[PDB]
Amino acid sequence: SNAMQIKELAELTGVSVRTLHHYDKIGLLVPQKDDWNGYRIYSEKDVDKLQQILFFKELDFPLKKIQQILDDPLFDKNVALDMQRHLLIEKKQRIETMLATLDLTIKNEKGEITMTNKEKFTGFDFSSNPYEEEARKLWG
C-alpha cells in the first residue's frame, strides 16, 4: 500500500530514521502525514524516489544537487537513470584500476617488481566528480 511507516522504510532500506527525518526536513523526501495518527506515511512513489536518491549518494552527489535534479521541471527519470548508470560504471572501472595498482603494489613490497611514481598513483582520481569536496574525500 501507500502507507509505509518510517520504521519499516528504515528497515527496508538500511537508511536510518535520523536520515529520513533530515530528508523530510530539507524537502528532499516529503511523505504525506496520516490523518489518524499524524505519522509520516511513505507511498510507493516515495520509495522509488528514495532509491534514486541512494544511487546519487553512492555517486557522491551532495543533497542540494540531488534535490535540484529531482525538482527540475525538465526531470526525466529514464534519462537520469541512464546517466547515473554511466557514472556508476565509471566508478566500478576506477575501482578495477585501483585494484590492479594494489596488486602491483603487493608485488612491489615483496621486491618482485619495481614501480614508477606514476604507476603507484594510477587509478586515484580526485577531480572526476566536480561536486566532490576534497575534505569529504580525503580528510576527517
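When you see a residue number, it is the position in the sequence shown, counting from 1.
Note on 80 to 88 vs 32 to 40: mean CA B-factor is higher in 32 to 40.
Legend: mean Cα B-factor per stretch from the PDB entry, 66 to 74 versus 45 to 53; the higher mean is in 66 to 74. Ranked within its chain, residue 108 lands in the middle third, by CA B factor from the PDB record. In this PDB entry, the Cα temperature factor of residue 120 sits in the bottom third of its chain's modelled residues, the lowest group. Per-chain ranking of the deposited C-alpha B factor places residue 12 in the highest third.
Sort the chain's modelled residues by C-alpha temperature factor and residue 25 lands in the highest third, per the entry.
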